[PDB]
Amino acid sequence: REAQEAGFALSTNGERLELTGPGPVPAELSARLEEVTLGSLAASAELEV
Amino acid sequence: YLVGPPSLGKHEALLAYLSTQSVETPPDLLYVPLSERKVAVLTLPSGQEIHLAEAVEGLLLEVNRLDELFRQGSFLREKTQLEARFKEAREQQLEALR
Amino acid sequence: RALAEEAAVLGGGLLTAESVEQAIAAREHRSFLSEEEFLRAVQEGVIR
Amino acid sequence: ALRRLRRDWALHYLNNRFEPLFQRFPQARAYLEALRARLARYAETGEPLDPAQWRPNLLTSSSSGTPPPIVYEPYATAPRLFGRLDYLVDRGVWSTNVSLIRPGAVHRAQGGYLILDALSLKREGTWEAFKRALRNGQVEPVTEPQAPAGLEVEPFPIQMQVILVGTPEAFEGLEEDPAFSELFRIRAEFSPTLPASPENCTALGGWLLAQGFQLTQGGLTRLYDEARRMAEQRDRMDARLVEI
Amino acid sequence: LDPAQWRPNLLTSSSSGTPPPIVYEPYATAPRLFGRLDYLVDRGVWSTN
């Protein structure tokens with residue numbers, strides 16, 4: 001939803017997430033992307049536990 | 001230090017007397033590595049050692065997430081930005097030389 | 001400080017004059033066994 | 001610079017991952033910071049991490065405390081007091097880690113009482129190491145000179161009460177050291193003989209009944225008289241209740 | 001080239017300057033006073049660095 005509101009397309013690759021668009025994405029958008037990915041992998045670690 | 005002639009049952013009373021004593025639940029002490037060379041005895045509130053062990057196993061398994069966080073969009077884009085700046089300086093030098 | 005700790009224990013948490021006197025008397029008494037036996041022997045006439 | 005980022009980002013999210021643990025385990029700041037540093041080093045250099053070298057080595061569990069942990073160690077040797085180090089032999093290399101440290105008598109007496117025999121302390125030559133552990137908190141697990149590398153065990157505040165038990169001559173060779181006086185200050189001196197009185201006769205009868213003996217008044221009286229006989233005094237009875 | 005042979009070894013880092021490093025060493029054996037050499041055994045070879 002944030003990527004759609006920002007005018008960018010999300011390109012999922014399995015469990016890996018990245019944002020594709022013309023030029024660099026906004027800094028807050030990149031930070032939110034990194035936080036979402038890190039939360040997903042932390043949830044995966046908790047799933048393993 | 002209990003002093004007395006032998007066969008006075010000093011040990012037998014002492015244990016009987018100390019059994020009647022009441023102390024606050026002793027903390028769980030455990031050897032924890034502050035490094036691969038240096039280990040310290042740490043005291044935790046009773047019953048918190050099992051949770052600590054579970055969390056430590058979680059952080060040991062966190063090597064997988066450490067490896068995976070180098071394969072995310074933000075890390076890749078920051079890497080590409082760093083490479084782009086380095087090749088920008090490289091290309092400035094290359095164009096001057098050319 | 002060790003005698004003060006003993007007085008505090010024997011007075012609960014306060015080192016009054018009675019508490020310190022009790023601590024000193026107990027310190028003397030805990031090693032009084034040989035003297036007590038000697039006095040008992042003197043009284044019973046073993047050591048005249 | 002790539003290596004620098006591959007520790008910067010790792011530490012940046014490891015702080016967030018460790019904050020809940022820092023909150024839940026306030027005492028373990030040192031160990032958790034060590035784990036964070038080791039994981040940052042893993043992310044930086046890609047240096048393999050051995051799980052066995054980073055484990056909370058439990059020594060004793062307790063939800064009790066009534067009664068307190070009372071550790072009586074009649075055989076007071078260094079391995080039985082301060083613990084012992086196990087080693088794994090890999091390619092002839094003797095290695096050790098936290099998972100190979102076993103508690104001694106000192107370790108399982110924490111928060112309680114450690115009962116030792118002064119004669120044992122003299123005989124095994126562990127009095128020096130034991131008094132060093134009491135005053136300085138230096139409890140060192142027993143190592144062996146065949147291991148190329150050991151473990152640097154940190155000092156530890158001693159939370160136990162040490163209660164020595166022994167015969168007076170077993171303390172004659174131990175009270176010579178001023179450190180014995182400074183450390184052990186309360187003398188629970190035992191009188192070899194009790195006063196000979198009806199109160200002590202009744203106490204002896206009750207003690208024998210608690211031992212499970214079936215007594216008669218004549219039998220208890222005869223045991224009391226024989227206790228006085230063993231004391232070799234008319235007005236004193238023998239306090240050696242094991243003999244009685 | 002052996003990288004472990006050519007890396008400066010951190011001994012101790014300054015805490016705050018005040019108070020100064022006050023090292024009380026009650027047990028004064030040579031290993032605890034002058035330090036220790038730890039050896040790595042490779043093929044029965046005790047190598048240090």
# chains A, B, ... in the order shown; residues from 1 in each chain; ligands from 1
$ select_by_dssp --residues "chain E" --states "strand (DSSP E)" --output "number ranges by chain"
E: 40-42, 45-47
$ write_last_selection --atoms "N, CA and C atoms" --output "JSON list (two decimals), in the first residue's frame"
[["chain", "number", "residue", "atom", "x", "y", "z"],
["E", 40, "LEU", "N", 47.90, -22.48, 19.41],
["E", 40, "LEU", "CA", 47.01, -23.24, 18.54],
["E", 40, "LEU", "C", 47.77, -24.44, 18.01],
["E", 41, "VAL", "N", 47.18, -25.62, 18.17],
["E", 41, "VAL", "CA", 47.83, -26.87, 17.80],
["E", 41, "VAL", "C", 47.29, -27.30, 16.44],
["E", 42, "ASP", "N", 48.15, -27.24, 15.43],
["E", 42, "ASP", "CA", 47.82, -27.67, 14.08],
["E", 42, "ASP", "C", 48.79, -28.77, 13.69],
["E", 45, "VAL", "N", 51.54, -29.13, 15.96],
["E", 45, "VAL", "CA", 52.44, -27.99, 15.97],
["E", 45, "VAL", "C", 51.81, -26.91, 16.83],
["E", 46, "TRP", "N", 52.49, -26.52, 17.91],
["E", 46, "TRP", "CA", 52.00, -25.47, 18.79],
["E", 46, "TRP", "C", 52.47, -24.12, 18.27],
["E", 47, "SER", "N", 51.66, -23.48, 17.45],
["E", 47, "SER", "CA", 52.00, -22.21, 16.84],
["E", 47, "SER", "C", 51.31, -21.08, 17.59]]
$ interface_residues --of "chain C" --to "chain D" --cutoff "10 Å" --atoms "only C-alpha atoms" --output "short mmCIF file (atom, residue, chain, number, x, y, z; two decimals) with N, CA and C atoms, in the first residue's frame"
data_model
loop_
_atom_site.label_atom_id
_atom_site.label_comp_id
_atom_site.auth_asym_id
_atom_site.auth_seq_id
_atom_site.Cartn_x
_atom_site.Cartn_y
_atom_site.Cartn_z
N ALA C 2 33.55 -5.58 62.09
CA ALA C 2 33.00 -6.91 62.36
C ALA C 2 32.23 -6.92 63.68
N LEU C 3 32.80 -6.31 64.72
CA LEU C 3 32.08 -6.21 65.98
C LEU C 3 30.82 -5.37 65.84
N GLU C 6 28.21 -7.59 64.27
CA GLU C 6 27.66 -8.50 65.27
C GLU C 6 26.69 -7.78 66.19
N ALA C 26 29.12 -11.71 73.89
CA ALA C 26 28.99 -12.92 73.09
C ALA C 26 30.31 -13.29 72.43
N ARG C 27 31.08 -12.29 71.99
CA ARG C 27 32.39 -12.57 71.40
C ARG C 27 33.32 -13.20 72.42
N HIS C 29 32.24 -14.91 75.02
CA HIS C 29 31.64 -16.17 75.44
C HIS C 29 31.86 -17.28 74.42
N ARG C 30 31.90 -16.95 73.13
CA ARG C 30 32.05 -17.98 72.11
C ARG C 30 33.40 -18.67 72.18
N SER C 31 34.39 -18.06 72.82
CA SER C 31 35.68 -18.69 73.06
C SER C 31 35.97 -18.86 74.54
N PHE C 32 34.92 -18.98 75.36
CA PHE C 32 35.03 -19.06 76.80
C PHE C 32 35.05 -20.50 77.30
N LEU C 33 35.04 -21.48 76.40
CA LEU C 33 34.86 -22.87 76.83
C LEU C 33 36.01 -23.35 77.70
N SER C 34 37.25 -23.08 77.27
CA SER C 34 38.40 -23.53 78.06
C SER C 34 38.40 -22.89 79.44
N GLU C 36 35.74 -21.78 81.02
CA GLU C 36 34.63 -22.35 81.78
C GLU C 36 35.00 -23.71 82.37
N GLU C 37 35.68 -24.55 81.58
CA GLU C 37 36.13 -25.84 82.09
C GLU C 37 37.15 -25.67 83.21
N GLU C 44 35.28 -27.55 91.53
CA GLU C 44 35.13 -28.93 91.98
C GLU C 44 36.35 -29.45 92.72
#
$ closest_atom_pairs --of "chain A" --to "chain B" --cutoff "9 Å" --atoms "only C-alpha atoms" --output "JSON lines"
{"residue": "A:16", "atom": "CA", "partner": "B:72", "partner_atom": "CA", "distance": 6.0}
{"residue": "A:17", "atom": "CA", "partner": "B:73", "partner_atom": "CA", "distance": 5.9}
{"residue": "A:18", "atom": "CA", "partner": "B:73", "partner_atom": "CA", "distance": 3.9}
{"residue": "A:19", "atom": "CA", "partner": "B:73", "partner_atom": "CA", "distance": 6.4}
{"residue": "A:20", "atom": "CA", "partner": "B:73", "partner_atom": "CA", "distance": 9.0}
{"residue": "A:24", "atom": "CA", "partner": "B:77", "partner_atom": "CA", "distance": 8.1}
{"residue": "A:30", "atom": "CA", "partner": "B:74", "partner_atom": "CA", "distance": 5.9}
{"residue": "A:31", "atom": "CA", "partner": "B:74", "partner_atom": "CA", "distance": 7.4}
{"residue": "A:33", "atom": "CA", "partner": "B:74", "partner_atom": "CA", "distance": 6.8}
{"residue": "A:34", "atom": "CA", "partner": "B:74", "partner_atom": "CA", "distance": 5.4}
{"residue": "A:37", "atom": "CA", "partner": "B:72", "partner_atom": "CA", "distance": 6.9}
{"residue": "A:38", "atom": "CA", "partner": "B:69", "partner_atom": "CA", "distance": 7.0}
{"residue": "A:41", "atom": "CA", "partner": "B:65", "partner_atom": "CA", "distance": 6.1}
{"residue": "A:42", "atom": "CA", "partner": "B:65", "partner_atom": "CA", "distance": 7.2}
{"residue": "A:44", "atom": "CA", "partner": "B:65", "partner_atom": "CA", "distance": 8.4}
{"residue": "A:45", "atom": "CA", "partner": "B:62", "partner_atom": "CA", "distance": 6.8}
{"residue": "A:46", "atom": "CA", "partner": "B:58", "partner_atom": "CA", "distance": 7.7}
{"residue": "A:48", "atom": "CA", "partner": "B:58", "partner_atom": "CA", "distance": 8.3}
{"residue": "A:49", "atom": "CA", "partner": "B:58", "partner_atom": "CA", "distance": 6.4}
$ interface_residues --of "chain D" --to "chain A" --cutoff "12 Å" --atoms "only C-alpha atoms" --output "list in words"
residues 9, 10, 12, 13, 14, 16, 17 and 18 of chain D
$ write_last_selection --atoms "N, CA, C and O atoms" --output "short mmCIF file (atom, residue, chain, number, x, y, z; two decimals), in the first residue's frame"
data_model
loop_
_atom_site.label_atom_id
_atom_site.label_comp_id
_atom_site.auth_asym_id
_atom_site.auth_seq_id
_atom_site.Cartn_x
_atom_site.Cartn_y
_atom_site.Cartn_z
N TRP D 9 24.76 -2.39 9.12
CA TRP D 9 23.35 -2.76 9.07
C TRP D 9 23.05 -3.88 10.06
O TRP D 9 21.99 -3.88 10.71
N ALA D 10 23.97 -4.84 10.18
CA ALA D 10 23.77 -5.95 11.11
C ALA D 10 23.65 -5.44 12.54
O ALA D 10 22.73 -5.84 13.26
N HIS D 12 22.85 -2.41 13.41
CA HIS D 12 21.69 -1.53 13.48
C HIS D 12 20.42 -2.32 13.78
O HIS D 12 19.60 -1.89 14.60
N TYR D 13 20.24 -3.48 13.14
CA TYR D 13 19.05 -4.25 13.48
C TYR D 13 19.27 -5.19 14.66
O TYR D 13 18.30 -5.61 15.30
N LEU D 14 20.53 -5.52 14.99
CA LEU D 14 20.77 -6.33 16.18
C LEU D 14 20.46 -5.55 17.44
O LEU D 14 20.04 -6.14 18.44
N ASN D 16 17.93 -3.47 17.73
CA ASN D 16 16.49 -3.61 17.86
C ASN D 16 16.10 -5.02 18.29
O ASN D 16 15.15 -5.20 19.06
N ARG D 17 16.81 -6.03 17.79
CA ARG D 17 16.52 -7.40 18.19
C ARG D 17 16.90 -7.66 19.65
O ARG D 17 16.28 -8.51 20.31
N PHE D 18 17.91 -6.96 20.16
CA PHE D 18 18.40 -7.21 21.51
C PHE D 18 17.71 -6.36 22.57
O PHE D 18 17.75 -6.73 23.75
#
$ atom_distance --atom1 "atom CA of residue E:25" --atom2 "atom CA of residue D:133"
13.0 Å
$ residues_around --residues "stretch 49-51 of chain B" --least-positions-apart "6" --cutoff "12 Å" --atoms "only C-alpha atoms" --output "compact mmCIF listing (two decimals) with N, CA, C and O atoms, in the first residue's frame"
# COMPACT_ATOMS: atom_id res chain seq x y z
N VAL A 49 11.86 -20.76 16.11
CA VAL A 49 11.88 -21.00 17.56
C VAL A 49 10.61 -21.73 18.00
O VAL A 49 10.66 -22.69 18.78
N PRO B 27 19.26 -17.25 43.54
CA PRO B 27 19.30 -17.00 42.10
C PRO B 27 20.03 -18.12 41.36
O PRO B 27 20.91 -18.79 41.90
N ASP B 28 19.61 -18.33 40.12
CA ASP B 28 20.25 -19.32 39.26
C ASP B 28 21.58 -18.76 38.78
O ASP B 28 21.61 -17.77 38.04
N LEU B 29 22.69 -19.36 39.21
CA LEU B 29 24.00 -18.95 38.73
C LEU B 29 24.40 -19.83 37.56
O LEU B 29 24.05 -21.01 37.50
N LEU B 30 25.14 -19.24 36.63
CA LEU B 30 25.47 -19.92 35.38
C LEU B 30 26.69 -19.27 34.75
O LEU B 30 26.86 -18.06 34.82
N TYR B 31 27.54 -20.10 34.15
CA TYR B 31 28.68 -19.59 33.41
C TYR B 31 28.22 -19.07 32.05
O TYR B 31 27.56 -19.79 31.29
N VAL B 32 28.55 -17.82 31.75
CA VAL B 32 28.20 -17.19 30.49
C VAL B 32 29.48 -16.66 29.85
O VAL B 32 30.31 -16.07 30.54
N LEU B 42 27.28 -15.55 36.17
CA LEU B 42 26.19 -14.59 36.23
C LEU B 42 25.05 -15.18 37.05
O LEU B 42 24.80 -16.39 37.01
N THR B 43 24.38 -14.33 37.83
CA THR B 43 23.25 -14.74 38.64
C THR B 43 21.98 -14.11 38.07
O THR B 43 21.92 -12.89 37.90
N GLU B 57 19.67 -19.64 21.97
CA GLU B 57 19.55 -20.50 20.79
C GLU B 57 18.92 -19.74 19.63
O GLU B 57 19.30 -19.92 18.47
N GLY B 58 17.94 -18.88 19.93
CA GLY B 58 17.37 -18.04 18.89
C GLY B 58 18.41 -17.14 18.24
O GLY B 58 18.48 -17.04 17.01
N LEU D 21 15.52 -8.35 24.80
CA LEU D 21 16.30 -9.18 25.70
C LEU D 21 16.99 -8.35 26.77
O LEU D 21 17.10 -8.77 27.93
N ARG D 24 14.25 -7.86 29.22
CA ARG D 24 13.85 -9.06 29.95
C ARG D 24 14.96 -9.62 30.84
O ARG D 24 14.65 -10.25 31.86
N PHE D 25 16.22 -9.40 30.49
CA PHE D 25 17.36 -9.93 31.25
C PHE D 25 18.30 -8.78 31.59
O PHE D 25 19.37 -8.63 30.97
N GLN D 27 20.26 -8.43 34.10
CA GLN D 27 21.54 -8.90 34.63
C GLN D 27 22.51 -9.31 33.53
O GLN D 27 23.73 -9.21 33.73
N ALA D 28 22.01 -9.75 32.38
CA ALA D 28 22.84 -10.34 31.33
C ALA D 28 23.29 -9.32 30.29
O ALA D 28 23.46 -9.67 29.12
N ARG D 55 26.97 -20.41 25.04
CA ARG D 55 25.82 -21.06 25.65
C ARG D 55 25.78 -20.70 27.13
O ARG D 55 26.81 -20.73 27.81
N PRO D 56 24.60 -20.37 27.65
CA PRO D 56 24.47 -20.19 29.10
C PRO D 56 24.65 -21.52 29.81
O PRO D 56 23.76 -22.38 29.78
N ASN D 57 25.80 -21.69 30.45
CA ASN D 57 26.14 -22.94 31.12
C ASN D 57 25.48 -22.96 32.49
O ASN D 57 26.02 -22.43 33.46
N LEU D 58 24.29 -23.57 32.56
CA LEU D 58 23.59 -23.70 33.83
C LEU D 58 24.43 -24.49 34.83
O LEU D 58 25.03 -25.51 34.49
N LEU D 59 24.47 -24.00 36.06
CA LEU D 59 25.16 -24.69 37.14
C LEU D 59 24.20 -25.38 38.10
O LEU D 59 24.32 -26.59 38.32
N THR D 60 23.25 -24.65 38.67
CA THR D 60 22.25 -25.24 39.55
C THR D 60 20.92 -24.52 39.36
O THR D 60 20.90 -23.29 39.22
N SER D 61 19.83 -25.28 39.36
CA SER D 61 18.49 -24.74 39.33
C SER D 61 17.87 -24.84 40.71
O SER D 61 18.10 -25.82 41.43
N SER D 62 17.08 -23.84 41.08
CA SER D 62 16.43 -23.86 42.39
C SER D 62 15.20 -22.97 42.35
O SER D 62 15.26 -21.80 41.94
N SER D 63 14.08 -23.54 42.78
CA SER D 63 12.86 -22.78 43.03
C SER D 63 12.58 -22.84 44.52
O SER D 63 11.64 -22.20 45.02
$ atom_distance --atom1 "atom CA of residue A:8" --atom2 "atom CA of residue A:32"
13.4 Å
$ interface_residues --of "chain D" --to "chain E" --cutoff "10 Å" --atoms "only C-alpha atoms" --output "PyMOL selection string"
chain D and resi 90-95+129+132+135-136+138+147-150+152
$ atom_distance --atom1 "atom CA of residue D:198" --atom2 "atom CA of residue D:232"
18.0 Å
$ residues_around --residues "residue C:9" --least-positions-apart "6" --cutoff "9 Å" --atoms "only C-alpha atoms" --output "list in words"
residues 15, 19 and 23 of chain C
$ decode --residues "stretch 13-48 of chain E" --atoms "N, CA and C atoms" --output "PDB file, in the first residue's frame"
ATOM      1  N   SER E  13      41.375  -1.300  26.797  1.00  0.00           N
ATOM      2  CA  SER E  13      40.978   0.027  26.357  1.00  0.00           C
ATOM      3  C   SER E  13      40.701   0.903  27.570  1.00  0.00           C
ATOM      4  N   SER E  14      41.053   2.184  27.460  1.00  0.00           N
ATOM      5  CA  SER E  14      40.845   3.138  28.542  1.00  0.00           C
ATOM      6  C   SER E  14      39.369   3.236  28.898  1.00  0.00           C
ATOM      7  N   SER E  15      39.053   3.237  30.192  1.00  0.00           N
ATOM      8  CA  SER E  15      37.656   3.237  30.601  1.00  0.00           C
ATOM      9  C   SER E  15      37.067   4.642  30.552  1.00  0.00           C
ATOM     10  N   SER E  16      37.541   5.534  31.422  1.00  0.00           N
ATOM     11  CA  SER E  16      37.104   6.924  31.377  1.00  0.00           C
ATOM     12  C   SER E  16      38.226   7.889  31.736  1.00  0.00           C
ATOM     13  N   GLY E  17      39.418   7.367  32.000  1.00  0.00           N
ATOM     14  CA  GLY E  17      40.519   8.167  32.512  1.00  0.00           C
ATOM     15  C   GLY E  17      40.420   8.455  33.998  1.00  0.00           C
ATOM     16  N   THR E  18      39.229   8.819  34.465  1.00  0.00           N
ATOM     17  CA  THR E  18      38.959   9.051  35.885  1.00  0.00           C
ATOM     18  C   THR E  18      37.832   8.126  36.320  1.00  0.00           C
ATOM     19  N   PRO E  19      38.085   7.169  37.225  1.00  0.00           N
ATOM     20  CA  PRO E  19      39.348   6.925  37.927  1.00  0.00           C
ATOM     21  C   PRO E  19      40.379   6.197  37.068  1.00  0.00           C
ATOM     22  N   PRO E  20      41.654   6.297  37.432  1.00  0.00           N
ATOM     23  CA  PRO E  20      42.707   5.614  36.669  1.00  0.00           C
ATOM     24  C   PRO E  20      42.546   4.108  36.760  1.00  0.00           C
ATOM     25  N   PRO E  21      43.242   3.342  35.917  1.00  0.00           N
ATOM     26  CA  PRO E  21      43.157   1.878  36.009  1.00  0.00           C
ATOM     27  C   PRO E  21      43.794   1.385  37.298  1.00  0.00           C
ATOM     28  N   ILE E  22      42.959   0.910  38.215  1.00  0.00           N
ATOM     29  CA  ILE E  22      43.390   0.439  39.526  1.00  0.00           C
ATOM     30  C   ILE E  22      43.261  -1.078  39.508  1.00  0.00           C
ATOM     31  N   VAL E  23      44.361  -1.765  39.225  1.00  0.00           N
ATOM     32  CA  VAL E  23      44.368  -3.213  39.071  1.00  0.00           C
ATOM     33  C   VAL E  23      44.904  -3.822  40.355  1.00  0.00           C
ATOM     34  N   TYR E  24      44.005  -4.339  41.185  1.00  0.00           N
ATOM     35  CA  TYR E  24      44.390  -5.107  42.360  1.00  0.00           C
ATOM     36  C   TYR E  24      44.505  -6.569  41.954  1.00  0.00           C
ATOM     37  N   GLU E  25      45.699  -7.139  42.113  1.00  0.00           N
ATOM     38  CA  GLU E  25      45.968  -8.518  41.723  1.00  0.00           C
ATOM     39  C   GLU E  25      46.366  -9.307  42.963  1.00  0.00           C
ATOM     40  N   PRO E  26      45.412  -9.933  43.658  1.00  0.00           N
ATOM     41  CA  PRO E  26      45.775 -10.656  44.887  1.00  0.00           C
ATOM     42  C   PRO E  26      46.585 -11.912  44.629  1.00  0.00           C
ATOM     43  N   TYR E  27      46.289 -12.635  43.556  1.00  0.00           N
ATOM     44  CA  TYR E  27      47.000 -13.855  43.201  1.00  0.00           C
ATOM     45  C   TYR E  27      48.030 -13.506  42.137  1.00  0.00           C
ATOM     46  N   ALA E  28      49.305 -13.528  42.521  1.00  0.00           N
ATOM     47  CA  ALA E  28      50.366 -12.886  41.756  1.00  0.00           C
ATOM     48  C   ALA E  28      51.256 -13.895  41.042  1.00  0.00           C
ATOM     49  N   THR E  29      50.661 -14.936  40.469  1.00  0.00           N
ATOM     50  CA  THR E  29      51.425 -15.846  39.630  1.00  0.00           C
ATOM     51  C   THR E  29      51.861 -15.144  38.351  1.00  0.00           C
ATOM     52  N   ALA E  30      52.890 -15.699  37.716  1.00  0.00           N
ATOM     53  CA  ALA E  30      53.383 -15.131  36.463  1.00  0.00           C
ATOM     54  C   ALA E  30      52.317 -15.062  35.377  1.00  0.00           C
ATOM     55  N   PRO E  31      51.478 -16.085  35.157  1.00  0.00           N
ATOM     56  CA  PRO E  31      50.424 -15.942  34.139  1.00  0.00           C
ATOM     57  C   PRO E  31      49.476 -14.784  34.389  1.00  0.00           C
ATOM     58  N   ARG E  32      49.132 -14.504  35.646  1.00  0.00           N
ATOM     59  CA  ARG E  32      48.192 -13.430  35.935  1.00  0.00           C
ATOM     60  C   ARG E  32      48.866 -12.075  36.085  1.00  0.00           C
ATOM     61  N   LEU E  33      50.194 -12.035  36.164  1.00  0.00           N
ATOM     62  CA  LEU E  33      50.915 -10.768  36.219  1.00  0.00           C
ATOM     63  C   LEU E  33      51.391 -10.332  34.837  1.00  0.00           C
ATOM     64  N   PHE E  34      52.179 -11.174  34.175  1.00  0.00           N
ATOM     65  CA  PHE E  34      52.801 -10.825  32.907  1.00  0.00           C
ATOM     66  C   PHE E  34      52.020 -11.314  31.697  1.00  0.00           C
ATOM     67  N   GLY E  35      50.874 -11.953  31.900  1.00  0.00           N
ATOM     68  CA  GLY E  35      50.065 -12.444  30.805  1.00  0.00           C
ATOM     69  C   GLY E  35      50.403 -13.876  30.434  1.00  0.00           C
ATOM     70  N   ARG E  36      49.681 -14.378  29.435  1.00  0.00           N
ATOM     71  CA  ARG E  36      49.829 -15.749  28.978  1.00  0.00           C
ATOM     72  C   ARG E  36      49.891 -15.794  27.460  1.00  0.00           C
ATOM     73  N   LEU E  37      50.619 -16.782  26.947  1.00  0.00           N
ATOM     74  CA  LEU E  37      50.620 -17.106  25.528  1.00  0.00           C
ATOM     75  C   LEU E  37      49.718 -18.309  25.298  1.00  0.00           C
ATOM     76  N   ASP E  38      48.695 -18.132  24.473  1.00  0.00           N
ATOM     77  CA  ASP E  38      47.825 -19.225  24.079  1.00  0.00           C
ATOM     78  C   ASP E  38      48.271 -19.775  22.732  1.00  0.00           C
ATOM     79  N   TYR E  39      48.317 -21.098  22.645  1.00  0.00           N
ATOM     80  CA  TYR E  39      48.891 -21.797  21.509  1.00  0.00           C
ATOM     81  C   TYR E  39      47.795 -22.512  20.735  1.00  0.00           C
ATOM     82  N   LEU E  40      47.901 -22.479  19.411  1.00  0.00           N
ATOM     83  CA  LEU E  40      47.010 -23.236  18.544  1.00  0.00           C
ATOM     84  C   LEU E  40      47.767 -24.444  18.013  1.00  0.00           C
ATOM     85  N   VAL E  41      47.179 -25.623  18.169  1.00  0.00           N
ATOM     86  CA  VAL E  41      47.827 -26.873  17.799  1.00  0.00           C
ATOM     87  C   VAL E  41      47.292 -27.301  16.441  1.00  0.00           C
ATOM     88  N   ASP E  42      48.152 -27.238  15.428  1.00  0.00           N
ATOM     89  CA  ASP E  42      47.819 -27.670  14.077  1.00  0.00           C
ATOM     90  C   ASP E  42      48.794 -28.770  13.691  1.00  0.00           C
ATOM     91  N   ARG E  43      48.275 -29.982  13.486  1.00  0.00           N
ATOM     92  CA  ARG E  43      49.098 -31.154  13.174  1.00  0.00           C
ATOM     93  C   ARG E  43      50.151 -31.393  14.252  1.00  0.00           C
ATOM     94  N   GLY E  44      49.766 -31.175  15.507  1.00  0.00           N
ATOM     95  CA  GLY E  44      50.708 -31.329  16.598  1.00  0.00           C
ATOM     96  C   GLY E  44      51.723 -30.217  16.708  1.00  0.00           C
ATOM     97  N   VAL E  45      51.538 -29.131  15.963  1.00  0.00           N
ATOM     98  CA  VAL E  45      52.443 -27.990  15.970  1.00  0.00           C
ATOM     99  C   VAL E  45      51.809 -26.907  16.829  1.00  0.00           C
ATOM    100  N   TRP E  46      52.490 -26.525  17.906  1.00  0.00           N
ATOM    101  CA  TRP E  46      51.999 -25.475  18.793  1.00  0.00           C
ATOM    102  C   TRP E  46      52.474 -24.125  18.274  1.00  0.00           C
ATOM    103  N   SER E  47      51.657 -23.484  17.446  1.00  0.00           N
ATOM    104  CA  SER E  47      51.999 -22.207  16.843  1.00  0.00           C
ATOM    105  C   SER E  47      51.306 -21.080  17.594  1.00  0.00           C
ATOM    106  N   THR E  48      52.010 -19.965  17.741  1.00  0.00           N
ATOM    107  CA  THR E  48      51.477 -18.769  18.370  1.00  0.00           C
ATOM    108  C   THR E  48      51.658 -17.577  17.443  1.00  0.00           C
TER     109      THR E  48
END
